[PDB]
Every structure is written in C-alpha cells, then in structure tokens.
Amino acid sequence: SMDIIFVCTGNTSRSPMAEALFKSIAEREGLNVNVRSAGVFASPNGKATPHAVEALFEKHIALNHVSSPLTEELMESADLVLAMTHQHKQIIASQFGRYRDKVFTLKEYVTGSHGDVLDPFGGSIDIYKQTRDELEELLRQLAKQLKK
C-alpha cells in the first residue's frame, strides 16, 4: 500500500481534484494506493471549490472533500508527496526538510520536465475543466509508472 499525498497551498482546487481523479484511475488500473491531499496553508474548515466539484461531477466523480493542513504526521506516513507547483515543492521542503526525498512536483515526477499544474484560480468552469484534463493526463501516466 503506497501512500501518496497531493499538495497545493489551499487544498481546495488542484490537490483535491488530483486526489479524487487519481483514486478513480488507480482503482481501474488495479494499483493499490492510499491517496490523500493537503495544503501548506490550508484552513481546516474548507471545502473543495464549487468549480472543482462541478468539473469532476461532469465526469461522474464525486469530490467530497474537507481541506487539511499539511502536517509532519502526513509527511512521515507518505511515500510520495506530489506538489502542484515548484513553489509548493520549495515550501514543503522548507517546512519539512527531513522529508525532501519524498517530495516532487507532479509534472517532474511523471514527465521528467519542470512544470506547474495549470492554475484554475479565478477561472470559469471551463478553466477548471482544463485543469482537470491536464491532471487526468498526468495521473493516468502516474498510475502506469507506479505500477513498476
């Protein structure tokens, strides 16, 4: 049981979308994983943002999410910590330097190239769908790679 945690700042849009998309993908691929998300600056009271929920609902995936701060406990239990952006990775490694060797951006880990997941902040539902689609492409490739 590999423990994966997707991380962004607020844990209301990209990282919870990644978590829900990847849970679905991994199950269909027969990959045994425990999947979570958290935010380096998250409030504990938050929900996923309406457009994030709707974007996944379109694809018949439920995004029923409560935002969670990234903690030492989560970092200790993780096998991989996949950041949405390279600044998220920097922030994580600053706070949790002992666990640097678990932390990568999603794009560098899967594709080998530096890059940040498309930010849907302030966007219409269609921008959120673009982020969803980019995440799905990355996460389908992640599932294939982790099964090795």
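Residues carry their position along the shown sequence, with the first being 1.
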| item | value |
| --- | --- |
| Average Cα temperature factor in the PDB entry - higher stretch of 5 to 13, 18 to 26 | 18 to 26 |
| Stretch exceeding the other in mean C-alpha B-factor - 79 to 87, 63 to 71 | 63 to 71 |
| Peak C-alpha temperature factor (PDB record), options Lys47, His51, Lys107, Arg100 | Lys47 |
| Within-chain third of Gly39 by Cα B-factor, per the entry | lowest |
| Chain-wide C-alpha B factor ranking for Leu31, given as lowest, middle or highest third | highest |
